[PDB]
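Heads up: the first sequence begins at 3 in the deposited numbering, then just goes up one per residue.
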Amino acid sequence: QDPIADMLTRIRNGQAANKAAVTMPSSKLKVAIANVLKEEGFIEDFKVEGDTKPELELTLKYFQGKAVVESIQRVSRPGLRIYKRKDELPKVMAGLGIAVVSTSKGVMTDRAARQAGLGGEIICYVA
RNA sequence: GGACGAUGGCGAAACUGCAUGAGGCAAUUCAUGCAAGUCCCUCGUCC
Ligand SMILES: [Zn+2]
Ligand SMILES: [Zn+2]
Ligand SMILES: [Zn+2]
Ligand SMILES: [Zn+2]
Ligand SMILES: [Zn+2]
Ligand SMILES: [Zn+2]
Ligand SMILES: [Zn+2]
Ligand SMILES: [Zn+2]
Ligand SMILES: [Zn+2]
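Okay, here's the thing in structure tokens:
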């Protein structure tokens, strides 16, 4: 029903149990999210394995004994879709939070969207 | 900022939705297309 929550739950859980990696069925959206999470220091790497069932492998990150991801939350969900115009996006108040946004030019951070002059669906918050 | 209206635009297409197709035809899936949702932008009014 909500394949993104599984991603986020899996990350959340992985980091609570100090698992070095978590793996899950892939999608193009998941890979897009994994890509942003990487650019922004939240995971070490992601990769995709096999063809029939693509598994997505995320390598979690630890800062000398901690989890780098302090909280990862769904915002938009099938059930309650959340969208923001460019001007409505986070305005720089959470001081390390990124919102992950799906825009008509791809999945990017709330900062990158602001810079492109786009709003979009808010997939999650990570901090 | 908020509440609407233009023949709105020869606008974008990631996501949602719709439609077709493919996948033990149960997909946590994928391809093409549309452009209603969603986003950008223009004119006008109204608090
Ligand atoms: Zn809105
Ligand atoms: Zn505005
Ligand atoms: Zn105004
Ligand atoms: Zn207004
Ligand atoms: Zn209109
Ligand atoms: Zn088009
Ligand atoms: Zn179908
Ligand atoms: Zn799809
Ligand atoms: Zn599509």
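Here a beta-carbon is modelled for each residue, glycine too, at the ideal position from N, C-alpha and C.
Exercise. DSSP beta-bridge partners for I124?
Worked result: The count along the first sequence starts at 1 and reaches residue 124 at position 122. Under DSSP, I124 shares a beta bridge with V103.
Exercise. Which residues mark the beginning and the end of the alpha helix (DSSP H) in which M9 is found?
Worked result: Taking the first sequence and counting its residues from 1, the one referred to as residue 9 is at position 7. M9: member of the alpha helix (DSSP H) spanning 5-18, first to last residue.
Exercise. What do you reckon, are the CB atoms on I125 and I35 nearer than 8 Å?
Worked result: Within the first sequence, residue 125 is the residue found at index 123, counting from 1. Within the first sequence, residue 35 is the residue found at index 33, counting from 1. For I125 and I35, yes; Cβs fall inside 8 Å.
For this session: Per DSSP, which residues does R79 bridge with? Please list them.
Result: Residue mapping note: residue 79 aligns to position 77 of the first sequence, counting from 1. Note: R79 sits in a beta bridge opposite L82.
Problem set entry | Host alpha helix (DSSP H) of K40 (start-end) | The residue labelled residue 40 in the question sits at position 38 within the first sequence. For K40, the enclosing alpha helix (DSSP H) begins and ends at 30-41.
Exercise. Relative to the alpha-carbon of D89, which residue among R116, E51, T105 has its alpha-carbon at the smallest distance?
Worked result: For this step, residue 89 is matched to residue 87 along the first sequence. Checked all of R116, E51, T105; the closest Cα to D89 is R116.
For this session: Kindly give me the distance between the Cβ atoms of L10 and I84, rounded to whole angstroms, as I take these residues to be in contact under 8 Å.
Result: Residue 10 sits at position 8 when you count from the first residue of the first sequence. Residue 84 sits at position 82 when you count from the first residue of the first sequence. The beta-carbon distance between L10 and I84, rounded to whole angstroms, is 15 Å. This is too long to meet the 8 Å contact definition.
Problem set entry | Rounded C-alpha distance that separates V50 from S106 | What you label residue 50 is simply residue 48 of the first sequence in a count that begins at 1. What you label residue 106 is simply residue 104 of the first sequence in a count that begins at 1. Roughly 24 Å separates the two Cα atoms.
Exercise. When the distance is taken between beta carbons, is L91 closer than 8 Å to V103?
Worked result: Position 101 of the first sequence, counted from the start, is the residue given in the question as residue 103. Position 89 of the first sequence, counted from the start, is the residue given in the question as residue 91. Yes.
For this session: Pull up the distance between the alpha-carbon of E59 and that of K68, whole angstroms please.
Result: Taking the first residue of the first sequence as 1, we reach residue 59 at position 57. Taking the first residue of the first sequence as 1, we reach residue 68 at position 66. Cα-Cα distance, rounded: 20 Å.
Exercise. If you check the beta carbons only, do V33 and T111 fall under 8 Å apart?
Worked result: Walking along the first sequence from the start, residue 33 turns up at place 31. Walking along the first sequence from the start, residue 111 turns up at place 109. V33 places its beta carbon 8 Å or farther from that of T111.
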